[PDB]
$ cat target_1.cif   # mmCIF, N, CA, C and O atoms; chains and numbers go by the auth columns
data_my_file
#
loop_
_atom_site.group_PDB
_atom_site.id
_atom_site.type_symbol
_atom_site.label_atom_id
_atom_site.label_comp_id
_atom_site.label_asym_id
_atom_site.label_seq_id
_atom_site.Cartn_x
_atom_site.Cartn_y
_atom_site.Cartn_z
_atom_site.B_iso_or_equiv
_atom_site.auth_seq_id
_atom_site.auth_asym_id
ATOM 1 N N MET A 1 -6.204 -55.690 49.810 0.00 1 A
ATOM 2 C CA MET A 1 -7.335 -55.316 48.953 0.00 1 A
ATOM 3 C C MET A 1 -7.768 -56.533 48.150 0.00 1 A
ATOM 4 O O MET A 1 -8.829 -57.096 48.436 0.00 1 A
ATOM 5 N N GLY A 2 -6.975 -56.964 47.162 0.00 2 A
ATOM 6 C CA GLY A 2 -7.303 -58.124 46.370 0.00 2 A
ATOM 7 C C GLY A 2 -6.319 -58.258 45.227 0.00 2 A
ATOM 8 O O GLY A 2 -5.327 -57.525 45.177 0.00 2 A
ATOM 9 N N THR A 3 -6.577 -59.226 44.358 0.00 3 A
ATOM 10 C CA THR A 3 -5.784 -59.509 43.176 0.00 3 A
ATOM 11 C C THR A 3 -6.590 -58.906 42.017 0.00 3 A
ATOM 12 O O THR A 3 -7.826 -58.987 42.004 0.00 3 A
ATOM 13 N N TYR A 4 -5.908 -58.275 41.063 0.00 4 A
ATOM 14 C CA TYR A 4 -6.506 -57.610 39.918 0.00 4 A
ATOM 15 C C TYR A 4 -5.789 -58.039 38.628 0.00 4 A
ATOM 16 O O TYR A 4 -4.559 -57.931 38.573 0.00 4 A
ATOM 17 N N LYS A 5 -6.499 -58.447 37.555 0.00 5 A
ATOM 18 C CA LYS A 5 -5.858 -58.879 36.291 0.00 5 A
ATOM 19 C C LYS A 5 -5.908 -57.761 35.238 0.00 5 A
ATOM 20 O O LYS A 5 -6.943 -57.135 35.069 0.00 5 A
ATOM 21 N N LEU A 6 -4.777 -57.396 34.626 0.00 6 A
ATOM 22 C CA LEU A 6 -4.633 -56.340 33.613 0.00 6 A
ATOM 23 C C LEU A 6 -4.053 -56.837 32.282 0.00 6 A
ATOM 24 O O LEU A 6 -2.918 -57.304 32.250 0.00 6 A
ATOM 25 N N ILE A 7 -4.795 -56.798 31.181 0.00 7 A
ATOM 26 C CA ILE A 7 -4.425 -57.218 29.826 0.00 7 A
ATOM 27 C C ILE A 7 -4.569 -56.057 28.833 0.00 7 A
ATOM 28 O O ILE A 7 -5.598 -55.385 28.878 0.00 7 A
ATOM 29 N N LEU A 8 -3.551 -55.793 27.989 0.00 8 A
ATOM 30 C CA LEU A 8 -3.500 -54.724 26.975 0.00 8 A
ATOM 31 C C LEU A 8 -3.459 -55.358 25.581 0.00 8 A
ATOM 32 O O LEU A 8 -2.838 -56.420 25.435 0.00 8 A
ATOM 33 N N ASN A 9 -4.181 -54.762 24.608 0.00 9 A
ATOM 34 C CA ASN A 9 -4.269 -55.230 23.225 0.00 9 A
ATOM 35 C C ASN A 9 -3.955 -54.146 22.198 0.00 9 A
ATOM 36 O O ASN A 9 -4.872 -53.661 21.535 0.00 9 A
ATOM 37 N N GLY A 10 -2.690 -53.763 22.032 0.00 10 A
ATOM 38 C CA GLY A 10 -2.320 -52.772 21.034 0.00 10 A
ATOM 39 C C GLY A 10 -2.429 -53.389 19.636 0.00 10 A
ATOM 40 O O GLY A 10 -2.511 -54.612 19.479 0.00 10 A
ATOM 41 N N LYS A 11 -2.340 -52.559 18.591 0.00 11 A
ATOM 42 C CA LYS A 11 -2.438 -53.011 17.195 0.00 11 A
ATOM 43 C C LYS A 11 -1.418 -54.110 16.923 0.00 11 A
ATOM 44 O O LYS A 11 -1.724 -55.108 16.275 0.00 11 A
ATOM 45 N N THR A 12 -0.182 -53.888 17.365 0.00 12 A
ATOM 46 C CA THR A 12 0.935 -54.811 17.230 0.00 12 A
ATOM 47 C C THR A 12 1.550 -55.194 18.589 0.00 12 A
ATOM 48 O O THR A 12 2.701 -55.623 18.607 0.00 12 A
ATOM 49 N N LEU A 13 0.890 -54.939 19.726 0.00 13 A
ATOM 50 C CA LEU A 13 1.424 -55.271 21.051 0.00 13 A
ATOM 51 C C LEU A 13 0.400 -56.050 21.867 0.00 13 A
ATOM 52 O O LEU A 13 -0.803 -55.863 21.695 0.00 13 A
ATOM 53 N N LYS A 14 0.871 -56.964 22.714 0.00 14 A
ATOM 54 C CA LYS A 14 0.054 -57.783 23.606 0.00 14 A
ATOM 55 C C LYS A 14 0.771 -57.985 24.936 0.00 14 A
ATOM 56 O O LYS A 14 1.986 -57.763 25.025 0.00 14 A
ATOM 57 N N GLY A 15 0.021 -58.401 25.954 0.00 15 A
ATOM 58 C CA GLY A 15 0.490 -58.682 27.306 0.00 15 A
ATOM 59 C C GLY A 15 -0.702 -58.875 28.240 0.00 15 A
ATOM 60 O O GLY A 15 -1.779 -58.336 27.980 0.00 15 A
ATOM 61 N N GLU A 16 -0.545 -59.664 29.304 0.00 16 A
ATOM 62 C CA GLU A 16 -1.559 -59.940 30.315 0.00 16 A
ATOM 63 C C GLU A 16 -0.805 -60.076 31.623 0.00 16 A
ATOM 64 O O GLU A 16 0.258 -60.686 31.679 0.00 16 A
ATOM 65 N N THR A 17 -1.333 -59.523 32.703 0.00 17 A
ATOM 66 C CA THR A 17 -0.689 -59.506 34.002 0.00 17 A
ATOM 67 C C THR A 17 -1.721 -59.621 35.108 0.00 17 A
ATOM 68 O O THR A 17 -2.912 -59.432 34.875 0.00 17 A
ATOM 69 N N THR A 18 -1.256 -59.952 36.307 0.00 18 A
ATOM 70 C CA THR A 18 -2.055 -60.074 37.512 0.00 18 A
ATOM 71 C C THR A 18 -1.190 -59.415 38.588 0.00 18 A
ATOM 72 O O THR A 18 0.045 -59.570 38.581 0.00 18 A
ATOM 73 N N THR A 19 -1.820 -58.665 39.486 0.00 19 A
ATOM 74 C CA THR A 19 -1.168 -57.940 40.562 0.00 19 A
ATOM 75 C C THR A 19 -1.978 -58.097 41.841 0.00 19 A
ATOM 76 O O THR A 19 -3.125 -58.540 41.808 0.00 19 A
ATOM 77 N N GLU A 20 -1.361 -57.780 42.973 0.00 20 A
ATOM 78 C CA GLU A 20 -1.923 -57.816 44.316 0.00 20 A
ATOM 79 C C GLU A 20 -1.623 -56.438 44.909 0.00 20 A
ATOM 80 O O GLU A 20 -0.592 -55.847 44.566 0.00 20 A
ATOM 81 N N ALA A 21 -2.501 -55.905 45.762 0.00 21 A
ATOM 82 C CA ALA A 21 -2.294 -54.605 46.383 0.00 21 A
ATOM 83 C C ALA A 21 -2.880 -54.591 47.792 0.00 21 A
ATOM 84 O O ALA A 21 -3.964 -55.143 48.028 0.00 21 A
ATOM 85 N N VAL A 22 -2.202 -53.877 48.693 0.00 22 A
ATOM 86 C CA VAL A 22 -2.588 -53.723 50.093 0.00 22 A
ATOM 87 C C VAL A 22 -3.932 -52.995 50.171 0.00 22 A
ATOM 88 O O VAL A 22 -4.867 -53.455 50.829 0.00 22 A
ATOM 89 N N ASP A 23 -4.070 -51.916 49.405 0.00 23 A
ATOM 90 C CA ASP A 23 -5.253 -51.072 49.289 0.00 23 A
ATOM 91 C C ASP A 23 -5.335 -50.724 47.795 0.00 23 A
ATOM 92 O O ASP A 23 -4.304 -50.729 47.118 0.00 23 A
ATOM 93 N N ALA A 24 -6.504 -50.356 47.271 0.00 24 A
ATOM 94 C CA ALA A 24 -6.671 -50.062 45.848 0.00 24 A
ATOM 95 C C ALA A 24 -5.937 -48.835 45.297 0.00 24 A
ATOM 96 O O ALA A 24 -5.733 -48.782 44.084 0.00 24 A
ATOM 97 N N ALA A 25 -5.498 -47.871 46.118 0.00 25 A
ATOM 98 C CA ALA A 25 -4.798 -46.698 45.583 0.00 25 A
ATOM 99 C C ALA A 25 -3.576 -47.096 44.740 0.00 25 A
ATOM 100 O O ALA A 25 -3.396 -46.584 43.632 0.00 25 A
ATOM 101 N N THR A 26 -2.748 -48.023 45.236 0.00 26 A
ATOM 102 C CA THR A 26 -1.572 -48.470 44.500 0.00 26 A
ATOM 103 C C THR A 26 -1.996 -49.192 43.216 0.00 26 A
ATOM 104 O O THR A 26 -1.271 -49.111 42.230 0.00 26 A
ATOM 105 N N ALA A 27 -3.135 -49.901 43.216 0.00 27 A
ATOM 106 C CA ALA A 27 -3.596 -50.602 42.028 0.00 27 A
ATOM 107 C C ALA A 27 -3.899 -49.573 40.942 0.00 27 A
ATOM 108 O O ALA A 27 -3.360 -49.677 39.844 0.00 27 A
ATOM 109 N N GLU A 28 -4.676 -48.532 41.246 0.00 28 A
ATOM 110 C CA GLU A 28 -4.998 -47.506 40.256 0.00 28 A
ATOM 111 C C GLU A 28 -3.720 -46.809 39.771 0.00 28 A
ATOM 112 O O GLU A 28 -3.567 -46.536 38.578 0.00 28 A
ATOM 113 N N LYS A 29 -2.789 -46.535 40.685 0.00 29 A
ATOM 114 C CA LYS A 29 -1.522 -45.886 40.368 0.00 29 A
ATOM 115 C C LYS A 29 -0.718 -46.742 39.404 0.00 29 A
ATOM 116 O O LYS A 29 -0.252 -46.263 38.366 0.00 29 A
ATOM 117 N N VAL A 30 -0.524 -48.011 39.758 0.00 30 A
ATOM 118 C CA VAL A 30 0.235 -48.917 38.939 0.00 30 A
ATOM 119 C C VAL A 30 -0.462 -49.118 37.602 0.00 30 A
ATOM 120 O O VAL A 30 0.254 -49.171 36.615 0.00 30 A
ATOM 121 N N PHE A 31 -1.798 -49.104 37.514 0.00 31 A
ATOM 122 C CA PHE A 31 -2.482 -49.319 36.246 0.00 31 A
ATOM 123 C C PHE A 31 -2.051 -48.336 35.159 0.00 31 A
ATOM 124 O O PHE A 31 -1.796 -48.785 34.040 0.00 31 A
ATOM 125 N N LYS A 32 -1.923 -47.027 35.440 0.00 32 A
ATOM 126 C CA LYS A 32 -1.514 -46.089 34.387 0.00 32 A
ATOM 127 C C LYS A 32 -0.089 -46.386 33.924 0.00 32 A
ATOM 128 O O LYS A 32 0.125 -46.532 32.729 0.00 32 A
ATOM 129 N N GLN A 33 0.871 -46.521 34.842 0.00 33 A
ATOM 130 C CA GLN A 33 2.258 -46.795 34.470 0.00 33 A
ATOM 131 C C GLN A 33 2.410 -48.154 33.795 0.00 33 A
ATOM 132 O O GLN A 33 3.035 -48.260 32.740 0.00 33 A
ATOM 133 N N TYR A 34 1.839 -49.179 34.419 0.00 34 A
ATOM 134 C CA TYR A 34 1.916 -50.554 33.987 0.00 34 A
ATOM 135 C C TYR A 34 1.485 -50.702 32.542 0.00 34 A
ATOM 136 O O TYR A 34 2.242 -51.205 31.709 0.00 34 A
ATOM 137 N N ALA A 35 0.283 -50.224 32.245 0.00 35 A
ATOM 138 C CA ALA A 35 -0.269 -50.304 30.921 0.00 35 A
ATOM 139 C C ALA A 35 0.410 -49.356 29.940 0.00 35 A
ATOM 140 O O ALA A 35 0.672 -49.771 28.819 0.00 35 A
ATOM 141 N N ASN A 36 0.747 -48.125 30.338 0.00 36 A
ATOM 142 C CA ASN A 36 1.377 -47.169 29.425 0.00 36 A
ATOM 143 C C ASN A 36 2.698 -47.653 28.832 0.00 36 A
ATOM 144 O O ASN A 36 2.988 -47.288 27.701 0.00 36 A
ATOM 145 N N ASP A 37 3.459 -48.490 29.552 0.00 37 A
ATOM 146 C CA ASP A 37 4.746 -49.044 29.073 0.00 37 A
ATOM 147 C C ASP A 37 4.508 -50.041 27.925 0.00 37 A
ATOM 148 O O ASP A 37 5.425 -50.425 27.205 0.00 37 A
ATOM 149 N N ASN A 38 3.258 -50.486 27.770 0.00 38 A
ATOM 150 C CA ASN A 38 2.755 -51.418 26.762 0.00 38 A
ATOM 151 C C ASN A 38 2.234 -50.634 25.529 0.00 38 A
ATOM 152 O O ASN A 38 1.477 -51.177 24.720 0.00 38 A
ATOM 153 N N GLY A 39 2.582 -49.340 25.420 0.00 39 A
ATOM 154 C CA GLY A 39 2.240 -48.413 24.338 0.00 39 A
ATOM 155 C C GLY A 39 0.749 -48.199 24.105 0.00 39 A
ATOM 156 O O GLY A 39 0.320 -48.052 22.958 0.00 39 A
ATOM 157 N N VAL A 40 -0.037 -48.110 25.176 0.00 40 A
ATOM 158 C CA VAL A 40 -1.486 -47.955 25.087 0.00 40 A
ATOM 159 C C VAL A 40 -2.090 -46.555 25.162 0.00 40 A
ATOM 160 O O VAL A 40 -1.608 -45.660 25.866 0.00 40 A
ATOM 161 N N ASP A 41 -3.084 -46.367 24.306 0.00 41 A
ATOM 162 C CA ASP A 41 -3.978 -45.233 24.150 0.00 41 A
ATOM 163 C C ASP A 41 -5.308 -45.959 23.863 0.00 41 A
ATOM 164 O O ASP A 41 -5.425 -46.516 22.768 0.00 41 A
ATOM 165 N N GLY A 42 -6.244 -46.122 24.807 0.00 42 A
ATOM 166 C CA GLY A 42 -7.492 -46.848 24.535 0.00 42 A
ATOM 167 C C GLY A 42 -8.529 -46.798 25.664 0.00 42 A
ATOM 168 O O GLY A 42 -8.393 -46.009 26.608 0.00 42 A
ATOM 169 N N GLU A 43 -9.574 -47.622 25.564 0.00 43 A
ATOM 170 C CA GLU A 43 -10.687 -47.727 26.512 0.00 43 A
ATOM 171 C C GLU A 43 -10.575 -48.988 27.369 0.00 43 A
ATOM 172 O O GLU A 43 -10.032 -49.998 26.914 0.00 43 A
ATOM 173 N N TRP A 44 -11.081 -48.909 28.599 0.00 44 A
ATOM 174 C CA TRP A 44 -11.049 -49.951 29.619 0.00 44 A
ATOM 175 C C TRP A 44 -12.412 -50.575 29.946 0.00 44 A
ATOM 176 O O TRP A 44 -13.354 -49.833 30.239 0.00 44 A
ATOM 177 N N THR A 45 -12.516 -51.904 29.996 0.00 45 A
ATOM 178 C CA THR A 45 -13.714 -52.689 30.332 0.00 45 A
ATOM 179 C C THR A 45 -13.414 -53.475 31.626 0.00 45 A
ATOM 180 O O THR A 45 -12.236 -53.586 31.997 0.00 45 A
ATOM 181 N N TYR A 46 -14.420 -54.020 32.339 0.00 46 A
ATOM 182 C CA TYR A 46 -14.169 -54.740 33.595 0.00 46 A
ATOM 183 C C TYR A 46 -14.993 -56.022 33.832 0.00 46 A
ATOM 184 O O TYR A 46 -16.190 -56.085 33.558 0.00 46 A
ATOM 185 N N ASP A 47 -14.335 -57.048 34.396 0.00 47 A
ATOM 186 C CA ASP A 47 -14.863 -58.368 34.758 0.00 47 A
ATOM 187 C C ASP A 47 -14.474 -58.598 36.226 0.00 47 A
ATOM 188 O O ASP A 47 -13.361 -59.041 36.512 0.00 47 A
ATOM 189 N N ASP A 48 -15.378 -58.326 37.176 0.00 48 A
ATOM 190 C CA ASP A 48 -15.130 -58.462 38.623 0.00 48 A
ATOM 191 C C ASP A 48 -14.765 -59.865 39.106 0.00 48 A
ATOM 192 O O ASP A 48 -14.092 -60.000 40.127 0.00 48 A
ATOM 193 N N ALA A 49 -15.124 -60.915 38.368 0.00 49 A
ATOM 194 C CA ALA A 49 -14.842 -62.292 38.756 0.00 49 A
ATOM 195 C C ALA A 49 -13.352 -62.563 38.980 0.00 49 A
ATOM 196 O O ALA A 49 -12.979 -63.265 39.916 0.00 49 A
ATOM 197 N N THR A 50 -12.507 -62.008 38.124 0.00 50 A
ATOM 198 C CA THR A 50 -11.044 -62.137 38.104 0.00 50 A
ATOM 199 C C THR A 50 -10.379 -60.751 38.088 0.00 50 A
ATOM 200 O O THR A 50 -9.180 -60.618 37.809 0.00 50 A
ATOM 201 N N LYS A 51 -11.182 -59.706 38.376 0.00 51 A
ATOM 202 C CA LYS A 51 -10.873 -58.299 38.417 0.00 51 A
ATOM 203 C C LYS A 51 -10.072 -57.958 37.165 0.00 51 A
ATOM 204 O O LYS A 51 -9.076 -57.250 37.233 0.00 51 A
ATOM 205 N N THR A 52 -10.514 -58.514 36.038 0.00 52 A
ATOM 206 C CA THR A 52 -9.904 -58.369 34.738 0.00 52 A
ATOM 207 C C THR A 52 -10.280 -57.048 34.105 0.00 52 A
ATOM 208 O O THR A 52 -11.447 -56.790 33.812 0.00 52 A
ATOM 209 N N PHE A 53 -9.267 -56.225 33.907 0.00 53 A
ATOM 210 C CA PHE A 53 -9.286 -54.927 33.293 0.00 53 A
ATOM 211 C C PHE A 53 -8.670 -55.204 31.928 0.00 53 A
ATOM 212 O O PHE A 53 -7.485 -55.543 31.834 0.00 53 A
ATOM 213 N N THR A 54 -9.495 -55.111 30.891 0.00 54 A
ATOM 214 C CA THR A 54 -9.104 -55.341 29.509 0.00 54 A
ATOM 215 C C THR A 54 -9.115 -54.009 28.766 0.00 54 A
ATOM 216 O O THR A 54 -9.959 -53.153 29.046 0.00 54 A
ATOM 217 N N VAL A 55 -8.152 -53.827 27.861 0.00 55 A
ATOM 218 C CA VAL A 55 -8.009 -52.645 27.029 0.00 55 A
ATOM 219 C C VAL A 55 -7.877 -53.149 25.600 0.00 55 A
ATOM 220 O O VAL A 55 -7.172 -54.136 25.353 0.00 55 A
ATOM 221 N N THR A 56 -8.568 -52.483 24.680 0.00 56 A
ATOM 222 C CA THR A 56 -8.569 -52.791 23.263 0.00 56 A
ATOM 223 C C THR A 56 -8.242 -51.501 22.503 0.00 56 A
ATOM 224 O O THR A 56 -8.985 -50.526 22.643 0.00 56 A
ATOM 225 N N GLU A 57 -7.127 -51.461 21.764 0.00 57 A
ATOM 226 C CA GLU A 57 -6.747 -50.287 20.977 0.00 57 A
ATOM 227 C C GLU A 57 -7.610 -50.322 19.725 0.00 57 A
ATOM 228 O O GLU A 57 -8.452 -49.425 19.533 0.00 57 A
#
$ encode --input "target_1.cif" --output "structure tokens"
Amino acid sequence: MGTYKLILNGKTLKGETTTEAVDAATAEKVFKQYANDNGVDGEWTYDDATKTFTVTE
């Protein structure tokens, strides 16, 4: 499928990651678990250039 970049911005938490997936289903699946471990409750924005999914609490 492609490489996708995921960054979370909690009040007191931070992190940025990049992942690769065979097909996008695993990317969407991993996004909920991946980000939730970073203590997130928030909204998602997108930058297709680097497939950057940013979240701001």
$ atom_distance --input "target_1.cif" --atom1 "CA of residue 51 in chain A" --atom2 "atom O of residue 4 in chain A"
6.3 Å
$ residues_around --input "target_1.cif" --residues "range 43-45 of chain A" --least-positions-apart "3" --cutoff "8 Å" --atoms "all atoms listed in the file" --output "PyMOL selection string"
chain A and resi 5+7+9+40+48+51-57
$ closest_residue --input "target_1.cif" --among "A:50, A:38, A:19, A:26" --to "residue 2 in chain A" --atoms "all atoms listed in the file"
A:19
$ select_by_dssp --input "target_1.cif" --residues "chain A" --states "strand (DSSP E)" --output "list in words"
residues 2, 3, 4, 5, 6, 7, 8, 9, 14, 15, 16, 17, 18, 19, 20, 21, 43, 44, 45, 46, 47, 52, 53, 54, 55 and 56 of chain A
$ closest_residue --input "target_1.cif" --among "A:49, A:35, A:6, A:1" --to "residue 21 in chain A" --atoms "only C-alpha atoms"
A:1
$ closest_residue --input "target_1.cif" --among "A:46, A:41, A:3, A:32" --to "residue 20 in chain A" --atoms "only C-alpha atoms"
A:3
$ axis_aligned_box --input "target_1.cif" --around "range 2-5 of chain A" --padding-each-side "3 Å" --output "JSON"
{"center_x": -6.2, "center_y": -58.2, "center_z": 41.1, "size_x": 9.3, "size_y": 8.5, "size_z": 18.1}
$ residues_near_point --input "target_1.cif" --point "(1.5, -53.6, 32.2)" --cutoff "7 Å" --atoms "only N, CA, C and O atoms" --output "ChimeraX atom specification"
/A:6,8,15-17,30-31,33-38
$ select_by_dssp --input "target_1.cif" --residues "range 6-55 of chain A" --states "helix (DSSP H, G or I)" --output "PyMOL selection string"
chain A and resi 24-36
$ atom_distance --input "target_1.cif" --atom1 "atom C of residue 14 in chain A" --atom2 "CA of residue 42 in chain A"
13.9 Å
$ atom_distance --input "target_1.cif" --atom1 "atom N of residue 47 in chain A" --atom2 "CA of residue 25 in chain A"
18.0 Å
$ decode --input "target_1.cif" --residues "chain A" --atoms "C-alpha atoms" --output "compact mmCIF listing (two decimals), in the first residue's frame"
# COMPACT_ATOMS: atom_id res chain seq x y z
CA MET A 1 0.00 0.00 0.00
CA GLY A 2 2.44 2.69 1.19
CA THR A 3 4.17 4.35 4.13
CA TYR A 4 1.99 6.40 6.53
CA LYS A 5 3.23 8.89 9.26
CA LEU A 6 1.31 9.07 12.64
CA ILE A 7 2.01 11.82 15.30
CA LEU A 8 0.00 12.33 18.60
CA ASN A 9 -0.05 15.56 20.72
CA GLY A 10 -1.57 14.97 24.18
CA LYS A 11 -1.59 17.75 26.84
CA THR A 12 1.45 16.14 28.50
CA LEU A 13 2.26 13.37 25.91
CA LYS A 14 4.09 13.35 22.54
CA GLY A 15 5.27 10.84 19.90
CA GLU A 16 5.70 10.54 16.08
CA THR A 17 5.85 7.31 14.06
CA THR A 18 5.97 5.99 10.49
CA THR A 19 4.55 2.61 9.37
CA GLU A 20 4.30 0.50 6.19
CA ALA A 21 1.34 -1.75 5.26
CA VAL A 22 0.59 -4.39 2.59
CA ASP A 23 -2.96 -3.00 2.16
CA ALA A 24 -4.64 -0.07 4.02
CA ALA A 25 -6.92 -2.23 6.26
CA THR A 26 -4.02 -2.99 8.65
CA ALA A 27 -3.05 0.73 8.62
CA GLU A 28 -6.53 1.81 9.81
CA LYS A 29 -6.55 -1.07 12.35
CA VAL A 30 -3.13 -0.21 13.74
CA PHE A 31 -4.03 3.52 13.87
CA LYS A 32 -6.65 3.08 16.66
CA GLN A 33 -4.43 0.81 18.82
CA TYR A 34 -1.18 2.63 18.00
CA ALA A 35 -2.47 6.06 18.91
CA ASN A 36 -4.70 4.96 21.84
CA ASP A 37 -1.61 3.64 23.76
CA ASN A 38 -0.40 7.31 23.58
CA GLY A 39 -3.46 8.29 25.78
CA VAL A 40 -5.40 10.04 22.98
CA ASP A 41 -8.95 11.39 22.77
CA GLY A 42 -8.94 13.95 19.84
CA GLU A 43 -9.38 14.96 16.14
CA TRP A 44 -7.36 13.82 13.08
CA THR A 45 -5.95 15.98 10.17
CA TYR A 46 -4.13 14.73 6.99
CA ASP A 47 -1.07 15.60 4.78
CA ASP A 48 -0.91 13.17 1.77
CA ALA A 49 2.70 14.18 0.88
CA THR A 50 4.11 12.11 3.81
CA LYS A 51 0.72 10.49 4.67
CA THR A 52 1.00 12.40 7.95
CA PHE A 53 -1.93 11.83 10.27
CA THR A 54 -1.66 14.44 13.03
CA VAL A 55 -3.77 14.52 16.22
CA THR A 56 -4.06 17.51 18.57
CA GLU A 57 -5.68 17.05 22.03
